[PDB]
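Engineer: Here it is: the structure, laid out below.
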Amino acid sequence: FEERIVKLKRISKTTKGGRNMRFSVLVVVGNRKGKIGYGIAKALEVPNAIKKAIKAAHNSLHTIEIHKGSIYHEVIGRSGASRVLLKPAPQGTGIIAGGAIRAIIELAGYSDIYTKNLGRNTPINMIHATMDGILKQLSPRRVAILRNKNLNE
Amino acid sequence: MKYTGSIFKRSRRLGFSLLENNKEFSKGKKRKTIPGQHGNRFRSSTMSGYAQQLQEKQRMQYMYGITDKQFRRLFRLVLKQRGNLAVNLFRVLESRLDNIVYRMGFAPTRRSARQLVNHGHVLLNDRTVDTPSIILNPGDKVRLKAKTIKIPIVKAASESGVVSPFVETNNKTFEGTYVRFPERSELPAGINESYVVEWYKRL
Amino acid sequence: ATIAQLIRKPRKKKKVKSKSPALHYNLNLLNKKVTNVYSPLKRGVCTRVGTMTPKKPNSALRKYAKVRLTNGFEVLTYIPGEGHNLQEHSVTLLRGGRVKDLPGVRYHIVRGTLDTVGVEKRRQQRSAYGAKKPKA
Amino acid sequence: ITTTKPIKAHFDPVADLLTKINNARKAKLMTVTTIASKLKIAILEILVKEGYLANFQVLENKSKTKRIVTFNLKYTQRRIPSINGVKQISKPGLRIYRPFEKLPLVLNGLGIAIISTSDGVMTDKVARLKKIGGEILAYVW
Amino acid sequence: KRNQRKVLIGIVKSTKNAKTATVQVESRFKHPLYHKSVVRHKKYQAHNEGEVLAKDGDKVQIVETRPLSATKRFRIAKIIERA
Amino acid sequence: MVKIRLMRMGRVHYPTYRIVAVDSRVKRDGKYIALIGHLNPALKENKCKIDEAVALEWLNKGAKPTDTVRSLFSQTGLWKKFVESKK
RNA sequence: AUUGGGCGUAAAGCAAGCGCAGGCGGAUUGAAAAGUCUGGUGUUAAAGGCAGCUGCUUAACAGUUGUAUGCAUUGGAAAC
RNA sequence: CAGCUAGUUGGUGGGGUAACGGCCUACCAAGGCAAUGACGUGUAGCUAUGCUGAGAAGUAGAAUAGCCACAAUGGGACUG
């Protein structure tokens, strides 16, 4: 649980005679062993927005598995016309990715992984594509159970 | 240039003792603020990944007395082989002749030890040396040339020296040996070598 | 498209052009012909010296030059620094680089070159504007 | 028996099969009908010996003029199929041909690839054991 | 006997030129980077010896030889029936 | 005449010759047919190993050694296995 | 964008039709075997690249050995 | 850049050439190449390789090496 932020944005809506500059923030929090959650929340000042985002993130976590410290099979993260590629790197190479990708993967307590952005690069879509790719991943035990070849084949 | 102007300022901003523990040990009321006219309050406001990664890089190469391009060459050479990255890189950096002279404890500082090495005062495996970038391997024997022992600066270090278990020495005969590779926890750990090693995507 | 179509019609790149082509063309005498040998920098001789106003966001008065290359090309060029030594048919030397304030102008003078003497009283970075190391 | 409903095959057998299997998987259906071909047969049994689908019976009329085949897909009580993704590399006019030394492994071995080298359909791992490369039918994972 | 041969089945287009026939060949090759397969024509030349008068539709075989003349470079080896 | 000559393959001040089966009408350090060991005529005490396999074939189908190649052919005993098998 | 892109409103489906050439094309049985797959042989200069090693006080560097690739030809296979 | 080519296409006799050959020669016929791009335009020594890229490969042909062409420019031939 390091709750590293990724990007704060000075968003604003317009009202008669003035601008409601209400900057928000996106945060990623991870137990470093499988718990991952992200929080986007809007507030008038930094610390309260940070607290709201952390509460939203830690409220809704979810688990993920470890295969030699890394993903084991190919996947493409399809989310809102923004693809991110994940490849099962060999053990030694270590983490290599951008800002949000490194945030998500390291906060997941992973290791070696091969990454490359495709299409857009707005952080929220990056996070969505990465989570969708990481969760649509099937475990070999799960596919083995639904197969008749569960005996390591 | 291969030599640096001031050393305590480096420990000031880097926040890492260039010495064992006496870099900021209240020497003349030693401090820990960043140097320059603006040490009042720049605590942590723009702590980015790139900033701290540069911080660990400079920490890694200031206490070794290295410069950029040769450090890049060292990283490439250690990347040439097979194994784990950070520990092998640190092994190569601890295979430097002057660093092993410092670990011998024969000189009070790495700068004096480096001058003694350059000036021919150091003889390795019955061979004189003039290159501080020689690569030492396990089971390599070292002596003090059996010459120019009459130095006031080498003595008080020679008797008073911390014999780390990874390099053994004989005080009176001034003989040393690089037997086993130093371990990660054996050497100062105020340096996060990982941020350095994956700070290089150069190749 | 379908491979049955790309075989008929192969792909083509965009073939981006140089940011400044005038410094690339060369032409000799004695059967003159151009061989565009992509020179980093060509000399020249100024022909017109004056000033022009910049565009909308800024408001200043930038002294410009109209120099003829070692070849036949004529280019607008902006002077650097505080003051200059343009001498109305003074032989100069040219340097690339865009200027946003001046449309059309796409070059600078290497200052400290053959004739255009570098600006004196320069001590910060001392490379542009051609100032030697001051005596300590 | 007596399906009493007219059916017609789309086009090339591999695609005609993959489209139906994917649509059935998405629509949560049980079985689909199509005309039968020897290659389609071979792929059907090589799949079922991997346990990726239920009953498949080739059927003919009271004659040997028309032969059709249907198949059910491996499900669970929680109603989730055994198939995750399907994609063909071979394509009409875009046939792929792969030597054994460059044979691809689907999803680090979790998936299944169909490689009809010389003796019909066979698994990618058993072909690697055979060290026989060749044409590749489709990806199944 | 170490001389080589190129067994390439062709097709005779027209032998209108006196006692010389024109053969057409179709080699199937993979396009270098598109990996598709396409077959191209490349006309070749062989002169009529007189054994058989190849009309339109005769497809035969060809063997290498010395240069018999410019643009007439190969000779017939084996003849296959009509269709 | 195909000549067994020397080829100065090496850095400045450090000749390191590979012995070469090269034709007479070929410049120095040029393309050849077969390779004949090598030489480092700075290190002494048998730093001059030669293949001995195809060199004898070259000599048996036409070859001309040189004085520095005469030296190497002398100690290794090429002559005592060449001029007698000649008869 | 072959691996690796799209064509409703963001650039992009011709105004529509008849259509030669070309591209692709139902099912079954046999043969041949061009492609397709694999076996042998020949060949694909050195240096250079990779890896090891040797020698330079060590890299810079010099040298050694091994290392791919493609093609021709030859034995088979016969799903497509 | 839509036609291009008349020793151009093919045969006969002779000469010639280290040798094959419209290469030339005397005779006969009009053929041949071409949308799978002929002919033309401009460009350029080719290859190993260098730089980059994970890769499919993009890119220059540095030192150097194999092959090719040249020797103020254009032709000729002896001798070897």
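The way I read the labels, and the way they are meant: chains A, B, ... in the order of the structure tokens, residue 1 as the first residue of every chain, and ligand 1 as the first ligand shown, with later ones counted on from there.
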If you run DSSP over the backbone, which residues in region 42-138 of chain D end up strand (DSSP E or B)? Put them as a PyMOL selection string.

Structural biologist: chain D and resi 56-60+67-72+86-88+97-98+112-115+123+134-138

Engineer: Region 27-36 of chain H: which residues within 7 Å, counting only C-alpha atoms (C1' of nucleotides), same-chain residues fewer than 2 positions away excluded, as a list in words?

Structural biologist: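 So, after excluding close chain neighbours, the residues are residues 17, 40 and 41 of chain E; 9 and 38 of chain H.
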
Engineer: Hey, what's within 9 Å of residue 38 (chain C) if we count only C-alpha atoms (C1' of nucleotides) and toss same-chain stuff fewer than 4 positions away? As a list in words, please?

Structural biologist: residues 21, 22, 23, 24, 25 and 26 of chain C

Engineer: Got a sec: who's within 8 Å of residue 38 (chain F), counting only C-alpha atoms (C1' of nucleotides), leaving out chain neighbours fewer than 3 positions off, as number ranges by chain?

Structural biologist: F: 16-19, 48-50

Engineer: For the residues in that selection, give me N, CA and C atoms as an mmCIF file, in the first residue's frame.

Structural biologist:
```
data_model
loop_
_atom_site.group_PDB
_atom_site.id
_atom_site.type_symbol
_atom_site.label_atom_id
_atom_site.label_comp_id
_atom_site.auth_asym_id
_atom_site.auth_seq_id
_atom_site.Cartn_x
_atom_site.Cartn_y
_atom_site.Cartn_z
ATOM 1 N N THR F 16 50.905 -9.770 -36.999
ATOM 2 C CA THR F 16 50.390 -11.083 -36.604
ATOM 3 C C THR F 16 49.941 -11.780 -37.891
ATOM 4 N N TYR F 17 50.829 -12.591 -38.446
ATOM 5 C CA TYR F 17 50.666 -13.109 -39.795
ATOM 6 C C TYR F 17 49.838 -14.385 -39.781
ATOM 7 N N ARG F 18 48.821 -14.446 -40.635
ATOM 8 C CA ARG F 18 48.254 -15.732 -41.011
ATOM 9 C C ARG F 18 48.949 -16.184 -42.291
ATOM 10 N N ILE F 19 49.494 -17.394 -42.269
ATOM 11 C CA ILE F 19 50.180 -17.914 -43.445
ATOM 12 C C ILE F 19 49.134 -18.248 -44.493
ATOM 13 N N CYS F 48 53.578 -20.515 -33.361
ATOM 14 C CA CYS F 48 53.518 -20.534 -34.812
ATOM 15 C C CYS F 48 52.837 -21.799 -35.307
ATOM 16 N N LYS F 49 51.775 -22.222 -34.623
ATOM 17 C CA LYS F 49 51.106 -23.459 -34.996
ATOM 18 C C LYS F 49 50.495 -23.339 -36.389
ATOM 19 N N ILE F 50 50.556 -24.443 -37.135
ATOM 20 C CA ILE F 50 50.071 -24.513 -38.503
ATOM 21 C C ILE F 50 49.163 -25.733 -38.614
#
```

Engineer: Tell me, as a PyMOL selection string, which residues lie within 6 Å of region 64-69 of chain F, counting only C-alpha atoms (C1' of nucleotides); anything in the same chain fewer than 3 positions away does not count.

Structural biologist: chain F and resi 3-4+72

Engineer: Can I get the selected residues back with C-alpha atoms, as a PDB file, in the first residue's frame?

Structural biologist:
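Saved to out-v5.pdb:
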```pdb
ATOM      1  CA  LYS F   3      53.051 -18.697 -53.452  1.00  0.00           C
ATOM      2  CA  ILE F   4      52.925 -19.347 -49.712  1.00  0.00           C
ATOM      3  CA  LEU F  72      58.455 -22.558 -40.498  1.00  0.00           C
TER       4      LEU F  72
END
```

Engineer: Residue 9 (chain B): which residues within 12 Å, counting only C-alpha atoms (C1' of nucleotides), same-chain residues fewer than 6 positions away excluded, as a list in words?

Structural biologist: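 What passes the distance filter is residues 15, 16, 17, 18, 23, 24, 30, 31, 32, 33, 34, 35, 36, 39 and 62 of chain B.
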
Engineer: What does the distance from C1' of residue 55 (chain G) to CA of residue 28 (chain F) come to in Å, to one decimal?

Structural biologist: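 Separation between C1' of residue 55 (chain G) and CA of residue 28 (chain F): 24.6 Å.
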
Engineer: Nearest residue to chain C out of H:52, H:71, H:66, H:58, using only C-alpha atoms (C1' of nucleotides)?

Structural biologist: H:58

Engineer: For chain G, report every residue with an atom at most 8 Å from chain F (counting only C-alpha atoms (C1' of nucleotides)), formatted as a ChimeraX atom specification.

Structural biologist: /G:45-46,61-63

Engineer: Each residue of chain B lying at most 8 Å from chain G should get a row with its shortest atom-to-atom pair and the distance in Å to one decimal, counting only C-alpha atoms (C1' of nucleotides); could you produce that, ordered by chain and increasing number, as a Markdown table?

Structural biologist:
```
| residue | atom | partner | partner_atom | distance |
| --- | --- | --- | --- | --- |
| B:127 | CA | G:57 | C1' | 7.8 |
| B:128 | CA | G:57 | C1' | 7.1 |
| B:129 | CA | G:57 | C1' | 5.5 |
| B:130 | CA | G:57 | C1' | 6.7 |
| B:131 | CA | G:57 | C1' | 7.1 |
| B:133 | CA | G:58 | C1' | 6.8 |
| B:134 | CA | G:58 | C1' | 5.3 |
| B:135 | CA | G:58 | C1' | 7.3 |
```

Engineer: Taking 3 positions as the minimum chain separation for residues in the same chain, which residues sit within 10 Å of residue 29 (chain D) when counting only C-alpha atoms (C1' of nucleotides)? Answer as a ChimeraX atom specification.

Structural biologist: /D:21,23-26,32,72-73,81

Engineer: Residues of the last selection are to be written out with N, CA, C and O atoms, as a short mmCIF file (atom, residue, chain, number, x, y, z; two decimals), in the first residue's frame.

Structural biologist:
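part04.cif written:
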```cif
data_model
loop_
_atom_site.label_atom_id
_atom_site.label_comp_id
_atom_site.auth_asym_id
_atom_site.auth_seq_id
_atom_site.Cartn_x
_atom_site.Cartn_y
_atom_site.Cartn_z
N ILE D 21 -18.66 -20.93 -34.37
CA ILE D 21 -18.29 -21.26 -33.00
C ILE D 21 -18.18 -20.00 -32.16
O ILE D 21 -18.60 -19.97 -30.99
N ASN D 23 -19.82 -17.05 -32.70
CA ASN D 23 -21.16 -16.52 -32.48
C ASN D 23 -21.92 -17.34 -31.45
O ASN D 23 -22.64 -16.78 -30.62
N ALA D 24 -21.78 -18.67 -31.50
CA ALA D 24 -22.42 -19.51 -30.50
C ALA D 24 -21.85 -19.26 -29.11
O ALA D 24 -22.59 -19.24 -28.12
N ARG D 25 -20.53 -19.09 -29.01
CA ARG D 25 -19.92 -18.81 -27.72
C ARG D 25 -20.44 -17.50 -27.14
O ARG D 25 -20.77 -17.42 -25.96
N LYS D 26 -20.53 -16.46 -27.97
CA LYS D 26 -21.01 -15.17 -27.48
C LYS D 26 -22.49 -15.24 -27.13
O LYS D 26 -22.91 -14.77 -26.07
N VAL D 32 -24.78 -25.56 -33.24
CA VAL D 32 -24.97 -24.93 -34.53
C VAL D 32 -24.85 -26.00 -35.61
O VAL D 32 -24.22 -27.04 -35.41
N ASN D 72 -22.09 -29.59 -30.07
CA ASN D 72 -22.30 -28.86 -28.84
C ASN D 72 -20.95 -28.48 -28.24
O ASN D 72 -19.93 -29.12 -28.51
N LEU D 73 -20.95 -27.44 -27.41
CA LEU D 73 -19.72 -26.87 -26.89
C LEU D 73 -19.60 -27.15 -25.39
O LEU D 73 -20.60 -27.12 -24.66
N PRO D 81 -18.28 -20.99 -21.19
CA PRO D 81 -17.69 -21.90 -22.18
C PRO D 81 -16.23 -22.20 -21.88
O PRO D 81 -15.55 -21.49 -21.13
#
```

Engineer: Select, as a list in words, those residues of chain D with any atom no more than 12 Å from chain C (distances computed using only C-alpha atoms).

Structural biologist: residues 91, 92, 93, 94 and 95 of chain D

Engineer: Would you save the residues from that selection as a PDB file, in the first residue's frame, using N, CA and C atoms?

Structural biologist:
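Okay, this is what ended up in again24.pdb:
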```
ATOM      1  N   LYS D  91      -5.799 -17.948 -44.443  1.00  0.00           N
ATOM      2  CA  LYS D  91      -6.868 -17.132 -44.989  1.00  0.00           C
ATOM      3  C   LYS D  91      -6.875 -17.329 -46.490  1.00  0.00           C
ATOM      4  N   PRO D  92      -8.043 -17.347 -47.141  1.00  0.00           N
ATOM      5  CA  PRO D  92      -8.072 -17.539 -48.598  1.00  0.00           C
ATOM      6  C   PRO D  92      -7.268 -16.478 -49.331  1.00  0.00           C
ATOM      7  N   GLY D  93      -6.188 -16.901 -49.986  1.00  0.00           N
ATOM      8  CA  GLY D  93      -5.240 -15.989 -50.583  1.00  0.00           C
ATOM      9  C   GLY D  93      -4.133 -15.540 -49.655  1.00  0.00           C
ATOM     10  N   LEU D  94      -4.254 -15.814 -48.357  1.00  0.00           N
ATOM     11  CA  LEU D  94      -3.262 -15.461 -47.349  1.00  0.00           C
ATOM     12  C   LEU D  94      -2.863 -16.687 -46.543  1.00  0.00           C
ATOM     13  N   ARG D  95      -2.580 -17.788 -47.235  1.00  0.00           N
ATOM     14  CA  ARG D  95      -2.103 -18.986 -46.561  1.00  0.00           C
ATOM     15  C   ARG D  95      -0.776 -18.713 -45.870  1.00  0.00           C
TER      16      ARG D  95
END
```

Engineer: Kindly indicate which residue among H:1, H:51, H:14, H:56 lies nearest to chain E, using only C-alpha atoms (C1' of nucleotides) for the distances.

Structural biologist: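 Using only C-alpha atoms (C1' of nucleotides), the shortest distance to chain E belongs to H:56.
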
Engineer: For the atom pair CA of residue 28 (chain E) and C1' of residue 34 (chain G), what is the interatomic distance in Å to one decimal place?

Structural biologist: 7.2 Å

Engineer: Work out how far apart CA of residue 123 (chain C) and CA of residue 81 (chain C) are and give it in Å to one decimal.

Structural biologist: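 Distance between the two atoms: 12.4 Å.
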
Engineer: Smallest atom-to-atom distance to chain G: which of E:65, E:33, E:14, E:22, using only C-alpha atoms (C1' of nucleotides)?

Structural biologist: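 The answer is E:33, which sits nearest to chain G.
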
Engineer: Could you list the residues in chain G lying within 12 Å of chain C, using only C-alpha atoms (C1' of nucleotides), and format the result as a list in words?

Structural biologist: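 Close enough to count are residues 1, 2, 5, 6, 7, 22, 23 and 24 of chain G.
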
Engineer: Create the file for the chosen residues now, containing N, CA and C atoms (P, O5', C5', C4', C3', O3' and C1' of nucleotides) and written as a PDB file, in the first residue's frame.

Structural biologist:
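Ended up saving to selection_18.pdb:
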```pdb
ATOM      1  P     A G   1       4.018  -0.095 -43.623  1.00  0.00           P
ATOM      2  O5'   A G   1       2.686  -0.508 -42.853  1.00  0.00           O
ATOM      3  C5'   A G   1       2.600  -1.730 -42.135  1.00  0.00           C
ATOM      4  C4'   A G   1       1.299  -1.837 -41.379  1.00  0.00           C
ATOM      5  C3'   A G   1       0.027  -1.817 -42.218  1.00  0.00           C
ATOM      6  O3'   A G   1      -0.318  -3.113 -42.681  1.00  0.00           O
ATOM      7  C1'   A G   1      -0.192  -0.389 -40.309  1.00  0.00           C
ATOM      8  P     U G   2       0.058  -3.625 -44.161  1.00  0.00           P
ATOM      9  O5'   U G   2      -0.225  -5.192 -44.086  1.00  0.00           O
ATOM     10  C5'   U G   2       0.267  -6.082 -45.077  1.00  0.00           C
ATOM     11  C4'   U G   2       0.899  -7.306 -44.456  1.00  0.00           C
ATOM     12  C3'   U G   2       1.027  -7.294 -42.941  1.00  0.00           C
ATOM     13  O3'   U G   2      -0.158  -7.753 -42.313  1.00  0.00           O
ATOM     14  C1'   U G   2       3.067  -8.024 -43.941  1.00  0.00           C
ATOM     15  P     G G   5      -3.438  -4.083 -38.666  1.00  0.00           P
ATOM     16  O5'   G G   5      -3.982  -2.585 -38.632  1.00  0.00           O
ATOM     17  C5'   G G   5      -3.635  -1.720 -37.561  1.00  0.00           C
ATOM     18  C4'   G G   5      -4.087  -0.301 -37.797  1.00  0.00           C
ATOM     19  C3'   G G   5      -5.549  -0.103 -38.156  1.00  0.00           C
ATOM     20  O3'   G G   5      -6.425  -0.213 -37.051  1.00  0.00           O
ATOM     21  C1'   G G   5      -4.199   1.255 -39.542  1.00  0.00           C
ATOM     22  P     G G   6      -7.973  -0.564 -37.297  1.00  0.00           P
ATOM     23  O5'   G G   6      -8.644   0.856 -37.573  1.00  0.00           O
ATOM     24  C5'   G G   6      -9.890   0.953 -38.252  1.00  0.00           C
ATOM     25  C4'   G G   6      -9.973   2.211 -39.082  1.00  0.00           C
ATOM     26  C3'   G G   6     -11.180   2.316 -40.001  1.00  0.00           C
ATOM     27  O3'   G G   6     -12.325   2.794 -39.320  1.00  0.00           O
ATOM     28  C1'   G G   6      -9.202   2.941 -41.168  1.00  0.00           C
ATOM     29  P     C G   7     -13.798   2.402 -39.828  1.00  0.00           P
ATOM     30  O5'   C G   7     -13.965   3.217 -41.184  1.00  0.00           O
ATOM     31  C5'   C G   7     -13.985   4.638 -41.194  1.00  0.00           C
ATOM     32  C4'   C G   7     -14.144   5.175 -42.593  1.00  0.00           C
ATOM     33  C3'   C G   7     -15.291   4.575 -43.397  1.00  0.00           C
ATOM     34  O3'   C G   7     -16.520   5.222 -43.125  1.00  0.00           O
ATOM     35  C1'   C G   7     -13.315   4.641 -44.719  1.00  0.00           C
ATOM     36  P     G G  22      -7.372 -14.247 -66.909  1.00  0.00           P
ATOM     37  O5'   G G  22      -6.961 -13.557 -65.532  1.00  0.00           O
ATOM     38  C5'   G G  22      -5.665 -13.008 -65.343  1.00  0.00           C
ATOM     39  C4'   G G  22      -5.617 -12.132 -64.116  1.00  0.00           C
ATOM     40  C3'   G G  22      -6.007 -12.806 -62.809  1.00  0.00           C
ATOM     41  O3'   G G  22      -4.940 -13.529 -62.226  1.00  0.00           O
ATOM     42  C1'   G G  22      -7.138 -10.735 -63.005  1.00  0.00           C
ATOM     43  P     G G  23      -5.230 -14.839 -61.345  1.00  0.00           P
ATOM     44  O5'   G G  23      -5.812 -14.265 -59.978  1.00  0.00           O
ATOM     45  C5'   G G  23      -5.020 -13.443 -59.132  1.00  0.00           C
ATOM     46  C4'   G G  23      -5.803 -13.001 -57.923  1.00  0.00           C
ATOM     47  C3'   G G  23      -6.616 -14.094 -57.243  1.00  0.00           C
ATOM     48  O3'   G G  23      -5.841 -14.880 -56.359  1.00  0.00           O
ATOM     49  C1'   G G  23      -7.988 -12.209 -57.593  1.00  0.00           C
ATOM     50  P     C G  24      -5.962 -16.481 -56.388  1.00  0.00           P
ATOM     51  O5'   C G  24      -7.241 -16.773 -55.484  1.00  0.00           O
ATOM     52  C5'   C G  24      -7.342 -16.208 -54.186  1.00  0.00           C
ATOM     53  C4'   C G  24      -8.771 -16.083 -53.734  1.00  0.00           C
ATOM     54  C3'   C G  24      -9.630 -17.331 -53.846  1.00  0.00           C
ATOM     55  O3'   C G  24      -9.378 -18.301 -52.844  1.00  0.00           O
ATOM     56  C1'   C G  24     -10.838 -15.509 -54.688  1.00  0.00           C
TER      57        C G  24
END
```

Engineer: Could you go through region 29-185 of chain B and tell me which residues DSSP, when run on the backbone, assigns to alpha helix (DSSP H), listing them as a short mmCIF file (atom, residue, chain, number, x, y, z; two decimals) with C-alpha atoms, in the first residue's frame?

Structural biologist:
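So the final result, stored in selection-v2.cif, reads:
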```
data_model
loop_
_atom_site.label_atom_id
_atom_site.label_comp_id
_atom_site.auth_asym_id
_atom_site.auth_seq_id
_atom_site.Cartn_x
_atom_site.Cartn_y
_atom_site.Cartn_z
CA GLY B 49 11.20 9.61 -10.54
CA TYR B 50 13.81 11.20 -12.80
CA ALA B 51 15.04 13.46 -9.99
CA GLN B 52 15.53 10.69 -7.44
CA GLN B 53 17.03 8.42 -10.11
CA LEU B 54 19.66 11.06 -10.87
CA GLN B 55 20.11 11.29 -7.11
CA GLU B 56 20.95 7.59 -6.79
CA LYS B 57 23.18 7.77 -9.88
CA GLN B 58 25.28 10.58 -8.43
CA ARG B 59 25.30 8.84 -5.05
CA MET B 60 26.53 5.64 -6.71
CA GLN B 61 29.33 7.27 -8.68
CA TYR B 62 30.51 10.03 -6.31
CA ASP B 68 30.00 9.50 -16.72
CA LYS B 69 31.43 7.85 -19.86
CA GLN B 70 33.63 5.31 -18.10
CA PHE B 71 30.71 4.42 -15.82
CA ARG B 72 28.62 3.86 -18.96
CA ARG B 73 31.38 1.60 -20.28
CA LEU B 74 31.35 -0.31 -16.98
CA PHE B 75 27.58 -0.76 -17.21
CA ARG B 76 27.86 -2.01 -20.79
CA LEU B 77 30.65 -4.44 -19.88
CA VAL B 78 28.75 -5.85 -16.91
CA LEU B 79 25.66 -6.10 -19.13
CA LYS B 80 27.74 -8.22 -21.53
CA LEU B 85 22.22 -7.19 -12.84
CA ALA B 86 22.65 -5.01 -9.76
CA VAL B 87 24.83 -7.36 -7.73
CA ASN B 88 27.16 -8.11 -10.66
CA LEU B 89 27.39 -4.38 -11.39
CA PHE B 90 28.33 -3.74 -7.76
CA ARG B 91 30.85 -6.59 -7.95
CA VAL B 92 32.50 -4.91 -10.94
CA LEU B 93 32.54 -1.59 -9.08
CA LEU B 97 41.92 -1.54 -7.75
CA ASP B 98 41.66 1.74 -5.82
CA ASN B 99 38.42 0.67 -4.12
CA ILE B 100 40.16 -2.54 -3.02
CA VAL B 101 43.08 -0.42 -1.78
CA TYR B 102 40.60 1.56 0.32
CA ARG B 103 39.01 -1.64 1.63
CA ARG B 110 40.05 6.86 -1.46
CA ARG B 111 41.67 10.01 -2.89
CA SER B 112 44.99 9.41 -1.13
CA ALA B 113 44.77 5.71 -2.01
CA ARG B 114 44.15 6.64 -5.66
CA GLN B 115 47.15 8.97 -5.73
CA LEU B 116 49.31 6.23 -4.20
CA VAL B 117 48.05 3.77 -6.83
CA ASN B 118 48.72 6.20 -9.68
CA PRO B 152 53.17 9.12 7.48
CA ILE B 153 49.77 8.86 5.78
CA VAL B 154 49.92 5.13 4.99
CA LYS B 155 50.95 3.98 8.48
CA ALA B 156 48.14 5.03 10.83
CA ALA B 157 45.76 3.55 8.27
CA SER B 158 47.88 0.39 7.93
CA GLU B 159 47.76 -0.54 11.62
#
```
